[PDB]
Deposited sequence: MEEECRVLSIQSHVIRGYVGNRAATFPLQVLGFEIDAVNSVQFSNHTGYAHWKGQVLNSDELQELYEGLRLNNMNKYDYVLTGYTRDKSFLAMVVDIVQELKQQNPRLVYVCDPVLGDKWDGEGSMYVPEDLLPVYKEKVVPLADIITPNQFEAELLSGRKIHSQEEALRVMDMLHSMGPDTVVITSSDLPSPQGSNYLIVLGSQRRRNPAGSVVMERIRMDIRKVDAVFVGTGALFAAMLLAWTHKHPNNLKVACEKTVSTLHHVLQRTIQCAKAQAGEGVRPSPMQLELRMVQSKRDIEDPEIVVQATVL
């Protein structure tokens, strides 16, 4: 038929983050995705410099209005990510509500960007007054959430130390509304070694209500990447759509695609930088286009273990 995705995320002229990381991948996979750029910057804030303007509530509403007037406010998925403005996010919520009112089956894939951890623990890189809005108004509306450990901790108030406390916290989120919760990265240890970050997933469905929990030990890459979480949420949406009731497979293809892309990025980043020289943010920009075939049909280089 036709799968339309409304994607309200950031836009950078140069590089791949927000809608730049989310759009191409989703188009290559056959999704009619529409990109509302919550901001337009020359590049991500991971660089020394950056310039750009921002889209305010009034404008997002103005834009949604045009879609409504034309009777084009019927979607199958809504995708959202990083937001700094409290009022902006409220407006986003009002939009999703009406989009779900228009189509009762619409899926809201929310990546609750609040902050991350470095070494021991983290710090939020978003106004704190936004946390309440997420717990109360955003997550309840969301059907799929993809937070990292630190964000899953902030949304639940419960700190995570082990695979079991993580499932407990994921279980809490589920009761908040999300039928699919995926922790995209964590400090949890792996039997594979110290060079492995851990992904955990949890999906609630009926077949008769039944759960499906999966685990994944992904090898770390010696560098900091931007736009990877957005690409994760974006590809999760895609493969979950193509393989419903199979979180295992959907996650294996998602993480695998991330693998290939980063594998190619780090390589070009090394050859482009000096051997023995830490690549710069610019050299570490996801080699998105060069990864078209991996995104289309990613070679599964990772098996998720059922919990």
| query | finding |
| --- | --- |
| Deposited residues absent from the coordinates (by C-alpha) | 1 to 2, 210 to 212 |
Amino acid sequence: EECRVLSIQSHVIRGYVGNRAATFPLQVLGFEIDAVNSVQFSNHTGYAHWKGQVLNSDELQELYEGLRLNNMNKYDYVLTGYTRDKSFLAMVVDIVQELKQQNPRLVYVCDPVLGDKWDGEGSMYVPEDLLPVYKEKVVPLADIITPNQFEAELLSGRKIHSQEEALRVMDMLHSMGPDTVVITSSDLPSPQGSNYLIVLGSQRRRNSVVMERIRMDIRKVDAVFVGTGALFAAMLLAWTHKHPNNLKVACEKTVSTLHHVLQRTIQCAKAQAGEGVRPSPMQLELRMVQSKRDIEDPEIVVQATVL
From here on, numbers count along this sequence of modelled residues.
| property | result |
| --- | --- |
| Selected stretch [higher average CA B-factor]: 244 to 252 or 265 to 273 | 265 to 273 |
| Entry-level comparison of average CA B-factors, 116 to 124 and 150 to 158, reporting the higher stretch | 116 to 124 |
| Residue, from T80, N195, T180, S185, that the PDB entry assigns the highest Cα B-factor | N195 |
| Residue with highest C-alpha B-factor in the PDB entry, from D76, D111, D171, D129 | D129 |
| Assigned third (lowest, middle, highest) for the C-alpha B factor of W50 | highest |
| Within-chain third of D34 by Cα B-factor, per the entry | lowest |
| For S280, the third of its chain into which the C-alpha B factor falls | highest |
| Third of the chain, ranked by Cα B-factor, where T228 sits | lowest |
| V199 - Cα temperature factor, lowest/middle/highest third of chain | lowest |
